[PDB]
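Here the protein sequences come in this chain order: A and B. Sequential numbering from 20 applies to the first sequence in the authors' numbering. Sequential numbering from 21 applies to the second sequence in the authors' numbering. The block underneath contains the structure these notes are about, expressed in structure tokens.
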Amino acid sequence: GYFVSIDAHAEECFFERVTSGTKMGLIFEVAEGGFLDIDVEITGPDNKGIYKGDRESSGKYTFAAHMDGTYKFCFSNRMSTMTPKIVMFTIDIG
Amino acid sequence: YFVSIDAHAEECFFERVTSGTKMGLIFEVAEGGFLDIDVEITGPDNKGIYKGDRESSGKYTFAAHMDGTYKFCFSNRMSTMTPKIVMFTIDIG
Numbered sequence: 020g021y022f023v024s025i026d027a028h029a030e031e032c033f034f035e036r037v038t039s040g041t042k043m044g045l046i047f048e049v050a051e052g053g054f055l056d057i058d059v060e061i062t063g064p065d066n067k068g069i070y071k072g073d074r075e076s077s078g079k080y081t082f083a084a085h086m087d088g089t090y091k092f093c094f095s096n097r098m099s100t101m102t103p104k105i106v107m108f109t110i111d112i113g
Numbered sequence: 021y022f023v024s025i026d027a028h029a030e031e032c033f034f035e036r037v038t039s040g041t042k043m044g045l046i047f048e049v050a051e052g053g054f055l056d057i058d059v060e061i062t063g064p065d066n067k068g069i070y071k072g073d074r075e076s077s078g079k080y081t082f083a084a085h086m087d088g089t090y091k092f093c094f095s096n097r098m099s100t101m102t103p104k105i106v107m108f109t110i111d112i113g
């Protein structure tokens, strides 16, 4: 399955280029381990805050591109964790 | 787009493209310091494709050497009392 490892006080981002009107879906779940939640942010090509979620253990967020361009999906670890947070996720386009 | 870059800060923008796609950058420093900025464009393999030091403006086109996300970064390495303001456009072919 798809996942990302996020070190303490770090952000890991993923990118998709899509056309206006395209459905985009994020699903995520923090993996098994010592940590329960993650910060998530989705931003559009002109820095629109599409989604911002703090301290979420899991989530589903579906939206439609409002313009052509690159969309940014970011996971942030805001704590001084001794090991990185692991988060399972998928980004579905169309 | 206008972006403010504080003293000793960096601001990056990202475009995901396919190999061979043309990518245009136009930029001009509008305000701050000596009206100069450092520019770095880096590919998804961490291969830098453009580095400009202390540039006041530029217009360039690049061809992506591989699929993935390219990072366009503006860095202000002066201890300016004001931030640099850069006006820029990234065009993707």
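Beta carbons are placed, not taken as given, at the ideal position from N, Cα and C, and that holds for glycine.
When Cβ atoms are compared, which residues of the stretch 32-47 of chain B fall closer than 8 Å to chain A?
-> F34, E35, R36 and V37
Using a Cβ-Cβ distance under 8 Å, would A/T109 count as near chain B?
-> no
If we cut at 8 Å on Cβ distances, does B/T89 have a partner in chain A?
-> yes
Should the stretch 39-58 of chain B be regarded as contacting the stretch 48-57 of chain A, the criterion being three or more beta carbon pairs within less than 8 Å?
-> no
Could you name the residues of the same chain whose beta carbon sits closer than 6 Å to that of B/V106, not counting the 5 residues immediately before and after it, in chain order?
-> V23, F47, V49, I57 and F94
At least three beta-carbon pairs within less than 8 Å, the stretch 74-84 of chain A to the stretch 28-44 of chain B | no
Simplified DSSP state of B/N96, which is helix, strand or coil | strand
A/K67 burial status per 10 Å Cβ neighbour count (16 or more: buried) | exposed
With a threshold of 16 other CB atoms inside 10 Å of the CB of A/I112, please say whether the residue is buried or exposed.
-> exposed
Pairwise C-alpha distance: A/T100 and A/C32 | 19 Å
Roughly how far, in whole angstroms, is the beta-carbon of B/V59 from the beta-carbon of B/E75, given that I think they are within contact range, below 8 Å?
-> 6 Å
Opposing strand residues paired with A/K71 [DSSP bridges] | A/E60
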